[PDB]
Every structure is written in structure tokens, then in C-alpha cells.
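A short reminder: the numbers here are calculations on the coordinates, not readings from a lab. Reconstructed Cβ throughout: ideal geometry from the backbone, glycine too, with neighbour counts over all protein chains shown.
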Amino acid sequence: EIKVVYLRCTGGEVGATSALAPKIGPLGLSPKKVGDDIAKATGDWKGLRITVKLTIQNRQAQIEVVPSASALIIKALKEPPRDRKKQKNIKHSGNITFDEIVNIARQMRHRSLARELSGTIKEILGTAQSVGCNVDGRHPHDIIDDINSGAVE
RNA sequence: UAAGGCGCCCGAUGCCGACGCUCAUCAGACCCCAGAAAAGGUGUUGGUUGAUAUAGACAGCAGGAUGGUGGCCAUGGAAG
């Protein structure tokens, strides 16, 4: 029977304290094989958590990845992924390109949960500061960039 | 007449007294004088000052009460 389950996975980094045997266990597939297939499928994040769905069947489960608007910004921030020790105050420092902002805006538009494309850029800029980064100036300046200099199609 | 008094002891309001204030399960009641403070009261009576009201109050009841987002630096999970 077709069943969907949502897992806030670690991504490519394989987890030791797993919460996968509580859910997939009564469904049928080996939860250690569950943890191994998810870590191979996401891949390109390798440092980030993604809320991925698992469209499971009776014989084997399959993988389809759903990135969030906050999940796609930290993806573009090319930072070196570190070791397990996880040094404190990792809060990111860098510059994001303005083309990538429309790239999620077109991606959020295809996911079809938003305002028209003009309104998509503000709800991704409203989360860019929630990611904790700036584009040559924070969203206060981007409100200035939104009005009378809108690069919207 | 003074200072004191004038329900009764106890002489004098047995004034058609005036206007208020206060309810005390510890009421209060006249210099020296014989007993109380800080603090507090949505008890009640005054005031002071500043805001709210046909561009609609204050309660009251009944309705949205979400959303990018189940935000992330993330803690096994924290999605108000």
C-alpha cells in the first residue's frame, strides 16, 4: 500500500542516534537500510538537514527530496563542511548572489505555495535574514531594492 | 460671665439647629493627658493629572486567530 512518511534527516551525514526504527519498523523495511539509502540519495547537501519524504511500498521504499526555501539558501552558501566536533557559533558569513534568489523564487513558484513572483522574492528575502546572511546589505536595503529597482519579470 | 459645658447620672439644646463625613467580628468621642509607626485597601468620599468616544468605546458574547514556516545557528525532538 502507498504510504508517505516525513523524516527530518541529517542528510549525507549518517546518524548514530536514529529515530527511523520507530516509524519504518511496523511498515516493514530494515531501518538500518533506511538510514543508508537516505544518506546516499540526498548527497549534494552533505552538511545540511532536509525534510525529505519517503514514498514507501510494500516491498521497498523509494526516495524523493523536498528542499525548503530556507534549506535552499544555506545550500548556495558554499562553506567548508567540517568534522563531527561541531565548533560553536558556526553562524555563517558570506555573500549570496542575486541570481540565486530568483532561482529559489522560481523553485517556490513551481512548488506553487506563494504570491506571484514579485511576492516570492520578499518571502525568500524575509527568510534570508532568518538564515542570518546579507546580500550586499540586509533586507532593509532590499526593501529599497524592491521599490523602484525591482528586478522582477 | 469666664474657661468649660447642655441624652442620663448632672445645672443647661425637650433648638421642628445648619451642611456634610463614617459601619468598625478592636468604631470613635476635646489642651497638658495618659497610648502607636512604616506600609497597605477595587471600603467609601473628594480632588489632581493624562489618555479614550457617531472617524464609535469599555466589558460582553460570536468570528479570522494564519503564511515564507514545520524559520533557522540547532539540542534525540521543540513545528507558538
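The condition (being over 18 Å from A:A69 (Cα atoms) and without any contact (Cβ under 8 Å) to a residue 60 or more places away in the chain) is satisfied by just one residue among A:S118, A:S149: A:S149.
Scanning the stretch A:92-110 for residues that are in a helix (DSSP H, G or I), within 11 Å of RNA strand B (Cβ to nearest atom) and exposed (fewer than 14 other Cβ atoms within 10 Å of the Cβ) yields no hits at all.
The residue that is farthest from RNA strand B (Cβ to nearest atom), counting only those in the stretch A:141-153 that are out of contact with any helix residue (DSSP H, G or I) (no Cβ under 9 Å at 6 or more places or on another chain) and not in a loop (DSSP other than H, G, I, E, B), is A:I144. Residues that are more than 9 Å from RNA strand B (Cβ to nearest atom) and either under 23 Å from A:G126 (Cα atoms) or under 20 Å from the mean Cα position of the chain (by Cα) (or both) number at least 1 in the following helices (runs of 4 or more DSSP H) confined to the stretch A:10-91: A:31-41, A:69-76.
Of all residue pairs spaced 6 or more apart or on separate chains, those with beta-carbon atoms under 8 Å, a first member in the stretch A:1-27 that is at negative phi and a second member that is basic (K, R) and within 10 Å of RNA strand B (Cβ to nearest atom) are A:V4/A:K53; A:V5/A:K53; A:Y6/A:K53; A:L7/A:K53; A:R8/A:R49; A:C9/A:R49; A:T10/A:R49. Residue under question is A:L7, and the condition is that it be within 10 Å of RNA strand B (Cβ to nearest atom) and under 30 Å from A:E123 (Cα atoms); does it hold? When the stated conditions are applied, A:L7 passes them.
If you go through the stretch A:112-134 and keep only what is among the aliphatic types (A, V, I, L, M), more than 16 Å from A:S93 (Cα to Cα) and part of a helix (DSSP H, G or I), you end up with A:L117, A:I121, A:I124, A:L125.
Yes or no: A:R115 surrounded by 12 or more Cβ atoms within 10 Å (Cβ to Cβ), over 18 Å from the mean Cα position of the chain (by Cα) and basic (K, R)?
On the way: surrounded by 12 or more Cβ atoms within 10 Å (Cβ to Cβ): yes; over 18 Å from the mean Cα position of the chain (by Cα): yes; basic (K, R): yes.
Here the answer is yes, as A:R115 does meet what is asked.
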